[PDB]
Amino acid sequence: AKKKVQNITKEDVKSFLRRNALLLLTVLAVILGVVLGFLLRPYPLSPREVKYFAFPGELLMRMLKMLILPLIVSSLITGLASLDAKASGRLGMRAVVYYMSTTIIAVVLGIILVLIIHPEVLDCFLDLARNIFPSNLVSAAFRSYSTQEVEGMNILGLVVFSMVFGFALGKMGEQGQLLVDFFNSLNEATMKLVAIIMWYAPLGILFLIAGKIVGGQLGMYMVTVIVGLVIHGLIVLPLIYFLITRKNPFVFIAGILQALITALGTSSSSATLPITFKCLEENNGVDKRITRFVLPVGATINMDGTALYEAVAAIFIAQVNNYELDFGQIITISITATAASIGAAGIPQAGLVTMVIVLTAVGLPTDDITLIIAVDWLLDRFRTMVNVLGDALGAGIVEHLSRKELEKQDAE
Amino acid sequence: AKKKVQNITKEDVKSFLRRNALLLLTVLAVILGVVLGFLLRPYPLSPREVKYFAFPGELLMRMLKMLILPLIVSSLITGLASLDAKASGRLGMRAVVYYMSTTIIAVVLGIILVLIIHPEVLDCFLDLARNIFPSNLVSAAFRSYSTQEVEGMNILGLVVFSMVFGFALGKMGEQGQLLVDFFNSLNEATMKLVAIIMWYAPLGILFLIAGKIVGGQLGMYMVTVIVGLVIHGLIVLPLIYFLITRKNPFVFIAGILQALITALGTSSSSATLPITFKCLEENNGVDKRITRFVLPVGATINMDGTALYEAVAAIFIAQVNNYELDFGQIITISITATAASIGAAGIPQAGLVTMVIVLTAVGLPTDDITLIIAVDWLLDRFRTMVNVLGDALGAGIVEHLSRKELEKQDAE
Amino acid sequence: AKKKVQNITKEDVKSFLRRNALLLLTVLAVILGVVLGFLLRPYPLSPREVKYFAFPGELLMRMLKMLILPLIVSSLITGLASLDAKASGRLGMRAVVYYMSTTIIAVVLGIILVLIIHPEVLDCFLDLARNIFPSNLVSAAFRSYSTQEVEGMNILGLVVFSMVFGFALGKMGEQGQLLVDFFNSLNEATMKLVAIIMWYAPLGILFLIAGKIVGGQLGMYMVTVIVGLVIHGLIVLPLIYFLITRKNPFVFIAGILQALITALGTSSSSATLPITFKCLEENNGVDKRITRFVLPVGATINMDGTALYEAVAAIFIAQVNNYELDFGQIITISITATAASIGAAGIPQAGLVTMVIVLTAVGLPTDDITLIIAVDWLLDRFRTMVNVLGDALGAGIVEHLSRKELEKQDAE
Ligand SMILES: COc1ccc([C@@H]2C(C#N)=C(N)OC3=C2C(=O)C[C@@H](c2cccc4ccccc24)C3)cc1
Ligand SMILES: COc1ccc([C@@H]2C(C#N)=C(N)OC3=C2C(=O)C[C@@H](c2cccc4ccccc24)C3)cc1
Ligand SMILES: COc1ccc([C@@H]2C(C#N)=C(N)OC3=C2C(=O)C[C@@H](c2cccc4ccccc24)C3)cc1
Ligand SMILES: N[C@@H](CC(=O)O)C(=O)O
Ligand SMILES: N[C@@H](CC(=O)O)C(=O)O
Ligand SMILES: N[C@@H](CC(=O)O)C(=O)O
Ligand SMILES: [Ba+2]
Ligand SMILES: [Ba+2]
Ligand SMILES: [Ba+2]
Ligand code: NA
Ligand code: NA
Ligand code: NA
Ligand code: NA
Ligand code: NA
Ligand code: NA
Ligand code: NA
Ligand code: NA
Ligand code: NA
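Residues numbered from 1 in each chain as written, not as in the entry; some residues may be left out. Chains lettered and ligands numbered in written order. Heavy atoms only, no water.

Determination of this PDB entry was carried out by X-ray crystallography to a resolution of 3.2500 Å, according to the record.

The UniProt entry for chain A carries the following text under Subcellular location: "Cell membrane". Regarding chain A, the relevant UniProt record gives this comment under Sequence similarities: "Belongs to the dicarboxylate/amino acid:cation symporter (DAACS) (TC 2.A.23) family. SLC1A3 subfamily." (UniProt positions renumbered as here; feature names shortened; annotations may be inferred.)

Structural data, given as structure tokens:
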């Protein structure tokens, strides 16, 4: 009742409109995009014509994807070279502990919400191990292994190599410094390009979401995850940030708002990574030393929203199948949904492809994934926002916990 | 009558032979190549054997293509970082204005010469836009998009990215300088390699042209463009250079002679770019700051000879078809032939592939391109020389017009 | 009798076990690998399951292959920039003379051993020439030409380009130094990663050899080459090193032992190159200036063991065919087996693929290669050890012969 009477003052909206021009434009892009897409929905237009329509949104995807490679490689090489090897292990343990806990908490919340509301696989593990260790760095930049090398950048392989290379340069001293300085100039220069890409974003988001918007049991399921992601995203994660930092978490979420709205549009944790960087480094004022450490790793392994969706959908398909509830086999679901969360790449429709792991483990048929394909796209847009939000709050949490190591490196 | 009596003095030919050793060798390579090719023309030898024969000319192509990538990327990153953002816009406006005017003048001359002597397409625009914004920089270095990613370097995508990256580094100051210095050493080092490639050029040009030389209406057509390119190339463009600089243009053409003779052999504006660089920077003494700005851009968009050929061939196929002459539809030909000129890549047989755009716009059948395929190769060799000559004179024109901006950067 | 009574002292084995922990572990990996492979040999397991089994050995291959590219490119660019152009020709002549002589001596020894114990092709030359001059440097990093561009790094193309680039930077002075320093930091940093890869090697070698171990005339043939490689490897090459340096060669072989045991496991001169570098630079204390000069070149052209195997197998298939012994045609075998040695890439099963050249030249049928395929893998493991051992002793021989040039560069 106190904040309500405070809200009626009609104070400073002209200053807000002037400052938040771009932020409000992308919000308007979502509003206009939903309106346009539903207006143009009666489709006497072929999928070829759908591709033609969504083209302005496609150029935004090419623009964002462009920067992913120089962004990850320069961030981890400089970031890990900036820190002392032992401090990097400390920072790393903070990240890993935060990642596993938040993913374990999301999968438990996900299982509880479905148990209340009733709405080869070995080759996958070897392909993952194969990608952690790329045989060629030039090819790793635009191809991933799939048992033989499918198209699309091997983010994980580059994440791992850049880290080991970063540690090596840190151990080289002065001889190493030249290369650390080379990669620092390349990071800031690609960060300077994401400033340009940001002005195109409202035009892109409008067309990217408008194009995608062009039995009843699958209906209740969509409502389950959406509710589950609001509990984790807007209630679980903020109180975690508040409990650790003692800072207002909803003001932090306001800073990374452009990153969430772009995640909602692209449905890629990797594509929105350059914008998550711009938001945290600037708007939230997070340290570059730790955003370069947390964000490229969080974008591929820290998938809180995917984990919640993996558990929900693994139990949802079992409802139709009338599969028996085993006290020990539900434990395998929480284990494999956390496993698939880490595994699944930060790219669209990667959630559904990793369901093969979680469906096999329990003993459910993998061909049931076909039922969940139709509605997936909308749940993917939301799942991505929670996967990004986790890396953003994760950076804020780690930065706060690692202030001693950061103050030592600020000596000179 | 005064220059004629002056020419009879038999003075300084031994000094000319000693100095112009390489220049005269490549001229002799064309003379020996035409003789050898016609001598070996009776072909009881398969296309496989033709490939075997033309192999010394193939090694020259691999050698020149090799350097294109480090040459474009280092030239635009340093070149645009060297200049103040506002001066880069001034230099840019001079280039764009020169490019569009010369291309508009060539297409008008081309249309006049044919109207006196009577001898999907949307997917193309989207593919071009897609290539201006590459989704992966490593893949952009050896692949282009074609609706899905065909082989062959995306020169345009790299031209655009290098420019935006160059502007970014220029805005970084000292932090940026390291990377600008890194790309400056990489430019001069690859420029040092083109000095070596130049000694192989006479052997390559000989075999490259000899291999290619191994109804009657298509006969008069070939004579139309050849005459049209001599009017534009040796009369239109030199008087433009003279009107702007007041310097003798045929002495400038003498400096870039090795670049034209290599264009005549390869039929690629991109492949002869490292040699156009060596000729302008040295022989013509043009500024590196502006050759790095003009030449990589001119090689892909400034296609004067292609534009003249596009107009000539669009009207030539209509002669056979007896297609009606519309005052407003000839205006669409001048517009789409200028459009295709900009579009068409600086690689062999790219002129004929972009005829699809100009034939569709008017309302002529695209399957008529098959008639023009046989004679094309020879017209392509000449068209390329005019496309290169335009970038060479264009550099000389811009350098002269931008002497104030260049004198400011020479302060220290 | 003097070294025998000296060996009975039971002195310093605890110091040896502590120091040579890793060296003895990889030896134990071979012992355990042979035992495990023969134990698991009864195969009710498919080739798919064989791939699953050999997976720890596959990760070692991806790890070693990863570093090959930054290792070759940084070694030759810095190495050749470090030296004066004339000194590089001197060092080069020492290498080339050593390479051709040792390969000529191995093929002569190989021919003698078989003549005592009786147990298109033009397209190949053009493909080699095409690869010496790559048309694209980014593609050269992960593809080779095959008449059109097959997968797998073009080591030769990068070896050649890095050398020409190294010479260019050396001729640039100070402007060049930045890039030389850039590539020096990148060499030491990738050399710092091979230290990590080395700890995985015993686990990898165990599984790499165990997986591969899972008429009678082809039996005697295998014994011929194995004996021939022991004569060249353990008798011919050491006395050559002793005659040149006057240093004990079997103490040198002890230093590069990890490199030979890894060659025995991988059967790739290129994959074991980062470990041959670590052994020579450290264990044998060879100069970085010359290991960067000798080793990347030796890994592809200096194939002593392959040459001996090429001669042995070219004459062995003629035994079955009862092909006539011509005094002049045996001279063509020694010539083409030396030719194929240089040609054949430092990768597994490359020896048998280049037999096409040596079988055609004499007049034997190329389809006979099928008979030698079954036993090849084991002979390849040994052939590789002799191909590596040659580069290792070659570095030691060149370093010793070039001490004047090295002492001049140590001035400052
Ligand atoms: C596969 O998914 C990953 C990769 C990385 C991480 C952690 C992380 C984050 N966020 C980053 N930036 O660096 C390190 C991490 C460590 O736990 C360990 C830490 C580390 C400390 C000290 C020395 C190291 C040497 C090499 C590599 C990592 C090292 C680096 C977690 C999961
Ligand atoms: C697609 O085909 C092209 C690309 C480039 C150009 C012009 C050109 C030439 N020649 C070069 N080297 O740079 C710039 C040009 C401009 O007009 C604008 C100019 C510019 C000035 C100031 C800031 C900029 C920031 C980013 C990019 C270009 C900028 C750069 C013309 C057509
Ligand atoms: C295709 O297989 C090869 C490539 C290289 C070599 C020799 C070698 C070794 N080992 C290395 N590192 O460099 C040079 C070699 C020369 O003989 C010549 C030497 C050289 C000296 C002076 C100037 C040069 C300029 C460019 C290239 C090589 C040059 C370089 C032999 C065979
Ligand atoms: N598309 C999601 C991952 C998923 O498909 O679950 C993301 O990039 O965050
Ligand atoms: N081959 C020409 C372009 C064309 O095909 O018209 C050039 O590169 O200049
Ligand atoms: N595999 C051998 C070459 C060969 O196949 O003969 C090596 O790399 O040394
Ligand atoms: Ba430091
Ligand atoms: Ba400056
Ligand atoms: Ba020096
Ligand atoms: Na998590
Ligand atoms: Na993520
Ligand atoms: Na993941
Ligand atoms: Na023009
Ligand atoms: Na051009
Ligand atoms: Na063009
Ligand atoms: Na040899
Ligand atoms: Na070798
Ligand atoms: Na070889």
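Caption draft 1: Representation of the interface of chain A and chain C within the structure. Contacts between the two partners involve 28 residues from chain A and, on the opposite side, 28 residues from chain C. Remark: the boundary between chain A and chain C carries three salt bridges. For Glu 149 of chain A, the salt bridge goes to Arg 62 of chain C, with nearest N and O atoms at 3.8 Å. Seen at the junction of chain A and chain C, the total is eight residue pairs in polar contact. In terms of residue count, helix α7 (residues 121–132) of chain A provides more of the side of chain A that touches chain C than any other element does, six residues in total. (Contact = heavy atoms within 4.5 Å. Salt bridge = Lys/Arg side-chain N within 4 Å of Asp/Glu carboxyl O. Polar contact = N/O pair within 3.5 Å; in protein donor to acceptor, adjacent residues only side chain to side chain. Helix = DSSP H or I, 4+ residues; strand = E, 2+ residues; numbered from the N terminus.)

Caption draft 2: Layout of the pattern of salt bridges. Tallied over the full model, the rule gives 48 salt bridges over all chains. Its salt-bridge partner being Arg 289 of chain B, residue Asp 410 of chain B comes within 3.0 Å of it at the nearest N-O pair. Taken together, the residues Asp 410 of chain B in the segment after α21 (403–408) and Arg 289 of chain B in helix α15 (residues 288–301) connect sequence positions 121 residues apart. Classification of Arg 289 of chain B by relative accessible area gives buried; the value is 15%. Residues joined in a network through salt bridges with shared partners are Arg 143 and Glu 151 of chain A, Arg 143 and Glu 151 of chain B together with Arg 143 and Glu 151 of chain C. (Buried < 20%, exposed > 50% of the residue type's maximum accessible area, 1.4 Å probe, protein only.)

Caption draft 3: Molecular detail of the coordination of the sodium ion (ligand 15). Coordination of the sodium ion (ligand 15) by the protein is provided by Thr 300 of chain B (O), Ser 341 of chain B (O), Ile 342 of chain B (O) and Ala 344 of chain B (O), with metal-donor distances spanning 2.2 to 3.1 Å. Mapping the donors of the sodium ion (ligand 15) onto the primary sequence yields the spacing T-x40-S-I-x1-A. (Donors = N, O, S within 2.8 Å, 3.2 Å for Na, K, Ca; no water.)

Caption draft 4: Representation of the relation of the copies chain A and chain C. Expressed as a screw operation, the relation of chain A to chain C combines 0.0 Å of axial shift with a rotation of 120 degrees, fitting to an RMSD of 0.0 Å. Such a turn and shift between the copies fits a three-fold axis. When each C-alpha of chain A is compared by its distance to the rotation axis, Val 138 of chain A comes out closest, at 4.2 Å. Each copy contacts the other with its own distinct surface, as only 18% of the interface residues of chain A are interface residues in chain C too. (Least-squares fit on C-alpha atoms.)

Caption draft 5: Structural view of the site of ligand 3. All names here are of chain C. Near ligand 3 you find 14 residues, and of these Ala 85, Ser 88, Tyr 99, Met 163 and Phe 293 are the closest. Between ligand 3 and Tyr 99 there is a distance of 3.1 Å, counted from a nitrogen atom to a side-chain nitrogen or oxygen. At a separation of 2.8 Å, a nitrogen atom of ligand 3 approaches a polar backbone atom of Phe 293. The fraction of the free accessible surface of ligand 3 (640 Å²) that becomes covered by protein chains is 73%. (Near = heavy atom within 4 Å. Areas by Shrake-Rupley, 256 points an atom, 1.4 Å probe, with all protein chains shown as cover.)

Caption draft 6: Representation of the coordination of the sodium ion (ligand 17) within the structure. All names here are of chain C. The coordination sphere of the sodium ion (ligand 17), as far as protein atoms go, consists of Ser 269 (OG), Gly 298 (O), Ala 299 (O), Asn 302 (O) and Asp 391 (OD), spread over 2.7 to 3.2 Å. Counting gaps between the donor residues of the sodium ion (ligand 17) yields the pattern S-x28-G-A-x2-N-x88-D. Placement of the pair is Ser 269 in the loop between α13 (257–266) and α14 (273–283) and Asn 302 in the loop between α15 (288–301) and α16 (304–321), with a sequence separation of 33 residues.

Caption draft 7: Main features of the site of ligand 1. Residues and elements named next belong to chain A. In the region of ligand 1, 14 residues are neighbours, and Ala 85, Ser 88, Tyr 99, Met 163 and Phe 293 sit closest. Take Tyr 99: an N or O atom from its side chain is 3.1 Å from a nitrogen atom of ligand 1. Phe 293 is positioned such that a nitrogen or oxygen atom in its backbone is 2.8 Å from a nitrogen atom of ligand 1. Out of a free accessible area of 650 Å², ligand 1 has 74% covered by protein chains. Broken down by secondary-structure element, the contributors of at least two residues to the shell around ligand 1 are α5 (55–82), α6 (85–116), α9 (155–170) and α15 (288–301). Element by element, the count of residues in the shell around ligand 1 is highest for α6, at seven residues. Class assignment for the residues of the shell around ligand 1 results in eleven nonpolar, three polar and no charged. (Nonpolar A, V, L, I, M, F, W, Y, C, P; charged D, E, K, R; others polar.)

Caption draft 8: A look at the UniProt feature "intramembrane region" in chain A. All names here are of chain A. Residues annotated by UniProt as "intramembrane region" correspond here to residues 250–280 and 330–363. End-to-end, the C-alpha atoms of residues 250–280 are 14 Å apart, and along that stretch the chain is 77% helix and 0% strand. Annotation note: span residues 330–363, helix share 76%, strand share 0%, distance between end C-alpha atoms 11 Å.

Caption draft 9: Fine view of the packing of α5 of chain A against helix α10 (residues 174–212) of chain A. All names here are of chain A. Close contact between α5 and α10 brings their axes to 8 Å; oriented N to C, the two are set at 155 degrees. Accordingly, the angle class assigned to the pair α5 and α10 is roughly antiparallel. For the crossing formed where α5 meets α10, the hand is left-handed. Each residue belonging to the contact of α5 with α10 can be placed in one class, and the counts come to 26 nonpolar, eight polar and no charged. (Axes fitted to C-alpha atoms, helices over the stretch in contact; angles between N-to-C directions. Parallel < 35°, antiparallel > 145°, perpendicular 65-115°, else oblique. Left-handed = near helix turned anticlockwise from the far one by under 90°.)

Caption draft 10: Examining the nonpolar core more closely. Formed by 362 residues in total, the largest nonpolar core has its most connected members in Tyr 221 of chain A, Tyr 221 of chain B together with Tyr 221 of chain C. Once residues lying within four places of it in the same chain are set aside, the contact partners of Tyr 221 of chain A are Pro 119, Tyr 309, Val 312, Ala 313, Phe 316, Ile 372, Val 375 and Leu 379 of chain A. (Core = buried A, V, L, I, M, F, W, Y, C linked by side-chain atoms within 4.5 Å.)

Caption draft 11: Main features of the packing of aromatic side chains. Per the counting criterion, the structure on display carries 24 aromatic pairs over all chains. Measuring from ring centre to ring centre gives 5.3 Å for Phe 142 of chain A and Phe 142 of chain B, while their planes differ by 65 degrees; the resulting arrangement is edge-to-face. Separated into two different chains, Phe 142 of chain A in the loop between α8 (137–140) and β1 (143–145) and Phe 142 of chain B in the loop between α8 (137–140) and β1 (143–145) make up a pair that spans both. Judged by its relative accessible area of 3%, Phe 142 of chain B falls in the buried class. An aromatic cluster of three or more residues is present, and its members are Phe 182 and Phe 183 of chain A, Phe 182 and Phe 183 of chain B together with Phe 182 and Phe 183 of chain C. (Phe/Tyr/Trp six-rings, centres within 6.5 Å; stacked < 30°, edge-to-face > 60°.)

Caption draft 12: Summary view of unusual backbone geometry. Residues and elements named next belong to chain C. The phi dihedral of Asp 12 falls on the positive side, at around 60 degrees, and the residue is not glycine. Among the structural elements, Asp 12 can be located in the loop between α1 (2–7) and α2 (13–19). Although it is not a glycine, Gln 349 sits at a positive phi angle of roughly 60 degrees. Residue placement: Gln 349 occurs in the loop between α17 (329–343) and α18 (350–353).

Caption draft 13: Local environment of the environment of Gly 219 of chain A. Mapped onto the fold, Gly 219 of chain A is located in helix α11 (residues 217–245). It is 25 Å that separates the C-alpha atoms of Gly 219 of chain A and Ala 344 of chain A, two residues lying 125 residues apart in sequence.

Caption draft 14: A look at the interface of chain A and chain B. Taken residue by residue, the interface counts 28 residues in chain A and 28 residues in chain B. Its largest share of buried area at the contact with chain B, chain A owes to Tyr 52, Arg 62 and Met 66 of chain A, together 26% of the area lost on that side. Run the count over chain A and chain B and you get three salt bridges. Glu 58 of chain A is paired through a salt bridge with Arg 130 of chain B; the nearest N and O atoms lie 2.8 Å apart. Here chain A is connected to chain B by eight residue pairs in polar contact. (Buried area = accessible area lost by both parts, 1.4 Å probe.)

Caption draft 15: Local environment of the side chain of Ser 270 of chain B. All names here are of chain B. With respect to the element layout, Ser 270 can be found in the loop between α13 (257–266) and α14 (273–283). Given a relative accessible area of 7%, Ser 270 falls into the buried group. Separated by 3.0 Å, the side chains of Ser 270 and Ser 268 make a polar contact. In terms of polar contacts, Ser 270 uses its side chain to reach the backbone carbonyl oxygen of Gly 346, at 2.8 Å. Those residues within four positions of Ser 270 in sequence are excluded, and the remaining contacts are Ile 68, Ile 155, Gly 346 and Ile 347.

Caption draft 16: View of the relation of the copies chain A and chain B. Superposition of chain A onto chain B requires a rotation of 120 degrees combined with a translation of 0.0 Å along the rotation axis, giving an RMSD of 0.0 Å. The fraction of interface residues of chain A whose copies in chain B are also interface residues is only 18%, indicating that the copies meet through different surfaces.

Caption draft 17: Up close: helix α13 (residues 257–266) of chain A. Residues and elements named next belong to chain A. In terms of residue burial, α13 counts as a mostly covered element, since nine of its ten residues are buried. Buried within α13 are the following residues: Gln 258, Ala 259, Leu 260, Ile 261, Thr 262, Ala 263, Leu 264, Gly 265 and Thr 266. At its buried positions, α13 is contacted by α3 (21–39), α5, α10, α12 (249–255), α14 (273–283) and α20 (369–401). Residue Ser 267 follows α13 closely and has a positive phi angle near 70 degrees.

Caption draft 18: Spatial organisation of the side chain of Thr 224 of chain B. Residue and element names in this part refer to chain B. Examined against the element boundaries, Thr 224 turns out to sit in helix α11 (residues 217–245). Classification of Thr 224 as buried rests on a relative accessible area of 5%. Residue contacts for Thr 224: discarding those within four places in its chain leaves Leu 113, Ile 117, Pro 119 and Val 312.

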